[PDB]
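Student: Protein chains in written order, with PDB author numbering: chain Z, 5 to 290; chain c, 157 to 310; chain a, 283 to 376; chain W, 305 to 456; chain X, 371 to 422.
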Amino acid sequence: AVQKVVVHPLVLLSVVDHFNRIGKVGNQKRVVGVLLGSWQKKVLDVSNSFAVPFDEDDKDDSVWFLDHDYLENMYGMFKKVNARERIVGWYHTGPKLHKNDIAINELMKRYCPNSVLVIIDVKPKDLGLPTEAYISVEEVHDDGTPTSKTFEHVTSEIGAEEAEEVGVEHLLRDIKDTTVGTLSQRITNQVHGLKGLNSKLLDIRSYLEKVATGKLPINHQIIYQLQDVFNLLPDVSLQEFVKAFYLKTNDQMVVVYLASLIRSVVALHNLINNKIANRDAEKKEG
Amino acid sequence: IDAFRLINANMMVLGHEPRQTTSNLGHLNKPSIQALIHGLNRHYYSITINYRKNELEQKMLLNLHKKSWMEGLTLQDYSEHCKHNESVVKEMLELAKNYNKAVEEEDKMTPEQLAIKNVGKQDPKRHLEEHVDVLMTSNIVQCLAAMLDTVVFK
Amino acid sequence: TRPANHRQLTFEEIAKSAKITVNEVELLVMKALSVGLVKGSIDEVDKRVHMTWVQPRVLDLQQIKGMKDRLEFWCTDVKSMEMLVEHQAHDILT
Amino acid sequence: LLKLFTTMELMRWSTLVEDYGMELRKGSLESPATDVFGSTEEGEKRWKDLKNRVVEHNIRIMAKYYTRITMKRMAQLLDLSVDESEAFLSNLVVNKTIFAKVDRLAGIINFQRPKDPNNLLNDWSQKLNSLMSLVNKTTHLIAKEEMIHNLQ
Amino acid sequence: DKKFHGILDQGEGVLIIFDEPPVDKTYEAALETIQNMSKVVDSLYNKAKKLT
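This is the structure:
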């Protein structure tokens, strides 16, 4: 059971270039490569990657090629230049995963047993998702379902490292916004923080429309049982939470009589100091 | 980072780096003295380096490395926050008392020279409203997050 | 049946629907708190039983339909009142 | 020992008496129950102490599961008088081992913690932060299950 | 004599025990700055009266 993966920011980048290498002839719309990583704890780390010649045909949709021979020797070279690094899994792109991914994963679990795949989105780069990591489990299946492979979820993030954030800050130099700017910046944090509140809402909007309609089979295990836990706790009971709002008056009180008065009086000093310096330099000009 | 490139011995009594009609040579570095004490400039030459900055990489590195979704409307709520509002006002009271002291002083001891002989990294306007701005921004972001959360959720 | 609208249930509703006597509704709810399928509390001067409930189970497609309508009211409250904030604070946004 | 685990194992002292008619009379060997409780004067001090231990057991579980409790119902749930109930709650609260505070012109006592403004309001933000975080983990999870089955 | 936190009633003959908030330190130091702000405005108007 893997806790989470850590995206070193060289690997994604090194997927973008190889999608751009074949992209002059790119019509396969998918690039499989090998995900190198550093196994630390239950938490996982990723440091490097490389590619592999890959083909696939939708006709009979099981005809494909990793190259074991290319995977042995080139990883052997990265082992020689760096003994710290080993394989932890693989990756592909083209955000809709395809039916073959059971076959690639169950093949190369004989290189690392708890292997893990990461889907990146090279063309989608817009709203809320950097990557995603999948994992395989095989229990009986459930209380009452037929057995299968069933790609499961591992939560993901983007990590960093000292002496690579230097390459982050120096290569961008574009907008260079700090979190400070507490009037302008924090309000916009509340703005687009709420623009994802309806974005996750419109996603949970669309899911129960197409399962109440009844197209896809209802996941009786987690897909609403975790929502059954969810839908009881926006507590808004009034007549004691109404009495939260003299603390609102208390938070107001420091703003009103302290910050409006002193800011006005200090700028009033700048009037008399200027009106003296105006005319006493005017009467001494002649 | 800097990139260099060796010169020959054919122009050794002549001016090396045979550069010509351009004006982008004076930038990107002057020859530094920790570098020109060695083989610069009669052994190689220095060259100019810029970056091939591209789109389809720049924003996906920016937005994906520094990002937090639900952080923008958290609270850090009140027991850590009313204590901070408690603290800052107390020395600001004495800062106001020190602000009174210079204003009621107001002597013609050549007051631009009286201010330079009374330098203390202190009151007049520097140790002023700087705190008041922090008291303003902290309570506004605290109360705007408080009012929006009552609005949205039920 | 009432999803936390006014979840402070009165004792007579339990004593009628469970058809148990009035004096044993307290021993009945202390057992359900002892098992752990509910985490409420008991008042006795008013004999109203306050409810906080964390136990999930199946919810029988018809209750998705009512969950859709509550999610749609949840939609236009978030959507329209964000348009209020953005149009008000547009010039300091950038 | 199972009956004195936790959560009242729903109990009653008169039922404990009817479970313990055997401690004087019958059993496999029966002898320490006659030695500990069946004795005349050393048993009777242990008789009042076993009554004291079970009422001490019932005060803690009432503090767990009750906001308020009337005076008459506590007396019938402790199988003794209202005044002896007043004496039992007095020497426990001056022992500061059970937090309680009574109101005996009307008889209603309460087990509430002493309310304060910010901590109640500290609770609303905590339920809120747990709410907003969980729907993010929810929507992240339903986006995956949508993604897997759409491919089949 | 402040040895106690309470109040009495004659309509019911009843002693009542309560508590009090010690969190006046914000509002105490709030209006003491107004005394400092009163003195500076009295000083400025004196300075502005001295010369136009």
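Beta carbons: idealized from backbone N, C-alpha and C, even for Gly.
(1) Quick one: what's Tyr370 (chain W) bridged to in DSSP?
(2) Taking 7 Å as the limit between beta carbons, can you name the residues of its chain near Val336 (chain a), skipping five residues before and five after?
(3) Mind checking whether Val308 (chain c) and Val367 (chain a) have CB atoms under 7 Å apart?
(4) Considering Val9 (chain Z), what are the terminal residues of the beta strand (DSSP E) in which it resides?
(5) So what does DSSP say about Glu213 (chain Z), is it helix, strand or coil?
(6) Label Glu364 (chain a) either buried or exposed according to how many other C-beta atoms from any shown protein chain fall within 10 Å of its C-beta, with 16 as the threshold for buried.
(7) Give me the Cβ distance between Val269 (chain Z) and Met292 (chain c), rounded to the nearest whole Å; I'm assuming they're in contact under 8 Å.
(8) Hey, how far is the Cα of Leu206 (chain Z) from the Cα of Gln229 (chain Z)?
(9) What's the C-alpha gap between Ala302 (chain c) and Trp428 (chain W)?
(10) Just the Cα atoms here: how many angstroms apart are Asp420 (chain W) and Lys247 (chain Z)?
(11) Would you list, in chain order, the members of the segment 243-270 of chain Z that have their beta-carbon closer than 8 Å to a beta-carbon of chain X?
(12) Whose C-alpha, out of Z:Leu262, Z:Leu275, Z:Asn274 and Z:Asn282, is nearest the C-alpha of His287 (chain c)?
(13) Would you mind reading off the limits of the alpha helix (DSSP H) that contains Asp387 (chain W)?
(14) Taking one C-beta from the segment 310-324 of chain a and one from the segment 370-379 of chain W each time, how about it: are there three or more such pairs within less than 8 Å?
(15) Can you grab the Cα-Cα spacing for the pair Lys395 (chain X) / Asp233 (chain c), in whole Å?
(16) Measuring alpha carbon to alpha carbon, tell me which residue in W:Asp407, W:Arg377, W:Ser437 and W:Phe415 is nearest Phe234 (chain Z).
(17) Could you tell me the boundaries of the alpha helix (DSSP H) in which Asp232 (chain Z) lies?
(18) Can you find a CB in chain c that lies within less than 7 Å of the CB of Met333 (chain a)?
(19) Using 7 Å as the threshold, is the C-beta distance between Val120 (chain Z) and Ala137 (chain Z) below it?
(20) Which two residues bound the contiguous beta strand (DSSP E) that contains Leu39 (chain Z)?
(21) DSSP state of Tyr138 (chain Z), grouped into three classes?
(22) Is the beta carbon of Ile227 (chain Z) less than 7 Å from the beta carbon of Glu449 (chain W)?
(23) List, in order along the chain, the chain a residues whose C-beta lies closer than 7 Å to that of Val307 (chain c)?
(24) Using a Cβ-Cβ cut-off of 7 Å, state whether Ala252 (chain c) counts as contacting chain X.
(25) By a C-beta neighbour count over all protein chains shown, 10 Å radius and 16 as the cutoff for buried, is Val141 (chain Z) buried or exposed?
(26) Along chain W, in chain order, which residues have C-beta atoms closer than 8 Å to that of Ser235 (chain c)?
(27) Quick check on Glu60 (chain Z): does DSSP put it in helix, strand or coil?
(28) At 8 Å on the CB atoms, spell out the chain X contacts of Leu409 (chain W), in chain order.
(29) If we count the other Cβ atoms within 10 Å of its Cβ and call it buried at 16 or more, is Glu308 (chain a) buried or exposed?
(30) Whose Cβ in chain Z lies nearer than 9 Å to the Cβ of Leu304 (chain c)?
(31) Report the CB separation of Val11 (chain Z) from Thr135 (chain Z) in whole angstroms; it is logged as a contact under 8 Å.
(32) Look up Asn356 (chain W) in the DSSP assignment and say whether it is helix, strand or coil.
(33) Report the rounded CA-to-CA distance for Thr306 (chain c) versus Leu432 (chain W), giving the unit in angstroms.
(34) Could you spell out where the alpha helix (DSSP H) holding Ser160 (chain Z) opens and where it closes?
(35) Answer with buried or exposed for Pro13 (chain Z), where buried requires no fewer than 16 other C-beta atoms within 10 angstroms of its C-beta.
(36) Take the Cβ of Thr443 (chain W) as the centre, count every other Cβ of all protein chains shown within 10 Å, and call the residue buried at 16 or more, exposed below.
Tutor: Short version:
(1) Counted from its first residue, the fourth sequence places residue 370 (chain W) at position 66. According to DSSP, which records beta bridges pairwise, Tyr370 (chain W) is partnered with a:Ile324.
(2) Numbered from 1 along the third sequence, position 54 holds the residue referred to as residue 336 (chain a). The residues are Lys321.
(3) Working through the second sequence from its first residue, we reach residue 308 (chain c) at position 152. Working through the third sequence from its first residue, we reach residue 367 (chain a) at position 85. Against a cut-off of 7 Å, the Cβ pair of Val367 (chain a) and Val308 (chain c) comes out as no contact.
(4) If you number the first sequence from 1, residue 9 (chain Z) lands on position 5. Where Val9 (chain Z) is concerned, the enclosing beta strand (DSSP E) stretches over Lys8 to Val11.
(5) Start at 1 with the first residue of the first sequence, and residue 213 (chain Z) comes out as number 209. Residue state, collapsed to three classes: helix.
(6) Position 82 of the third sequence, counting from 1, holds the residue named residue 364 (chain a). Buried is the call here.
(7) Walking along the first sequence from the start, residue 269 (chain Z) turns up at place 265. Walking along the second sequence from the start, residue 292 (chain c) turns up at place 136. With a Cβ gap of about 15 Å, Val269 (chain Z) and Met292 (chain c) do not count as contacting.
(8) The residue labelled residue 206 (chain Z) in the question sits at position 202 within the first sequence. The residue labelled residue 229 (chain Z) in the question sits at position 225 within the first sequence. Each residue's Cα considered, the two are about 20 Å apart.
(9) To locate residue 302 (chain c), count along the second sequence from 1; it is residue 146. To locate residue 428 (chain W), count along the fourth sequence from 1; it is residue 124. One C-alpha to the other measures close to 10 Å.
(10) Working through the fourth sequence from its first residue, we reach residue 420 (chain W) at position 116. Working through the first sequence from its first residue, we reach residue 247 (chain Z) at position 243. C-alpha separation (whole angstroms): 11 Å.
(11) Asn254, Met257, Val258, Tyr261, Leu262, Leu265, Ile266 and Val269
(12) Taking the first residue of the second sequence as position 1, residue 287 (chain c) is located at position 131. When only C-alpha atoms are compared, the closest one is Z:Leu262.
(13) One-based indexing of the fourth sequence puts residue 387 (chain W) at position 83. Run containing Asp387 (chain W): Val386 to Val397, per the alpha helix (DSSP H) assignment.
(14) yes
(15) Stepping through the fifth sequence from its first residue, residue 395 (chain X) is reached at position 25. Stepping through the second sequence from its first residue, residue 233 (chain c) is reached at position 77. If you take the alpha carbons of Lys395 (chain X) and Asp233 (chain c), they lie about 20 Å apart.
(16) Sequence index remark: in the first sequence, residue 234 (chain Z) carries index 230 (1-based). Comparing Cα-Cα distances from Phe234 (chain Z) to each of W:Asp407, W:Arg377, W:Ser437 and W:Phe415, the minimum goes to W:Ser437.
(17) Numbered from 1 along the first sequence, position 228 holds the residue referred to as residue 232 (chain Z). Segment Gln229 to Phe234, the alpha helix (DSSP H) holding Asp232 (chain Z).
(18) Position 51 of the third sequence, counting from 1, holds the residue named residue 333 (chain a). Not one chain c Cβ lies under 7 Å of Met333 (chain a).
(19) As a working note, residue 120 (chain Z) is residue 116 in the first sequence. As a working note, residue 137 (chain Z) is residue 133 in the first sequence. Yes; because the gap between Cβ atoms is below 7 Å, this pair is in contact.
(20) As a first step, residue 39 (chain Z) must be located in the first sequence, where it is residue number 35. Looking at the DSSP string, the run of the beta strand (DSSP E) that includes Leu39 (chain Z) is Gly37 to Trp43.
(21) Locating residue 138 (chain Z) in the first sequence gives position 134, where the first residue counts as 1. Strand, per DSSP.
(22) Indexing the first sequence from 1 puts residue 227 (chain Z) at position 223. Indexing the fourth sequence from 1 puts residue 449 (chain W) at position 145. For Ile227 (chain Z) and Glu449 (chain W), yes; Cβs fall inside 7 Å.
(23) Taking the first residue of the second sequence as 1, we reach residue 307 (chain c) at position 151. Near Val307 (chain c) (Cβ distances below 7 Å), the residues of chain a are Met363.
(24) Position 96 of the second sequence, counting from 1, holds the residue named residue 252 (chain c). At least one chain X Cβ lies under 7 Å of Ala252 (chain c).
(25) Taking the first sequence and counting its residues from 1, the one referred to as residue 141 (chain Z) is at position 137. Looking at its Cβ environment, which holds fewer than 16 other Cβ atoms inside 10 Å, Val141 (chain Z) is exposed.
(26) For the purposes of this step, residue 235 (chain c) is taken as the residue at position 79 of the second sequence. Near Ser235 (chain c) (Cβ distances below 8 Å), the residues of chain W are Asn422, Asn423 and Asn426.
(27) Looking up residue 60 (chain Z) in the first sequence gives position 56. Strand at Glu60 (chain Z).
(28) In the fourth sequence, counting from the first residue as 1, residue 409 (chain W) sits at position 105. Correct list: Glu382 and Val384.
(29) As a first step, residue 308 (chain a) must be located in the third sequence, where it is residue number 26. With 16 or more Cβ atoms within 10 Å of its Cβ, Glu308 (chain a) is classed as buried.
(30) In the second sequence, counting from the first residue as 1, residue 304 (chain c) sits at position 148. Result: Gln194 and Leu198.
(31) Position 7 of the first sequence, counted from the start, is the residue given in the question as residue 11 (chain Z). Position 131 of the first sequence, counted from the start, is the residue given in the question as residue 135 (chain Z). At roughly 6 Å, the Cβ-Cβ gap stays under 8 Å, so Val11 (chain Z) and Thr135 (chain Z) are in contact.
(32) Taking the fourth sequence and counting its residues from 1, the one referred to as residue 356 (chain W) is at position 52. Reduced to three states, the DSSP call for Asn356 (chain W) is helix.
(33) To locate residue 306 (chain c), count along the second sequence from 1; it is residue 150. To locate residue 432 (chain W), count along the fourth sequence from 1; it is residue 128. Taking the straight line from one Cα to the other gives about 10 Å.
(34) Counting from 1 along the first sequence, the entry for residue 160 (chain Z) is found at position 156. No alpha helix (DSSP H) holds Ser160 (chain Z); the beta strand (DSSP E) holding it covers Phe155 to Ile162.
(35) Start at 1 with the first residue of the first sequence, and residue 13 (chain Z) comes out as number 9. With 16 or more Cβ atoms within 10 Å of its Cβ, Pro13 (chain Z) is classed as buried.
(36) Counting from 1 along the fourth sequence, the entry for residue 443 (chain W) is found at position 139. The residue is buried, with at least 16 neighbouring Cβ atoms inside 10 Å.
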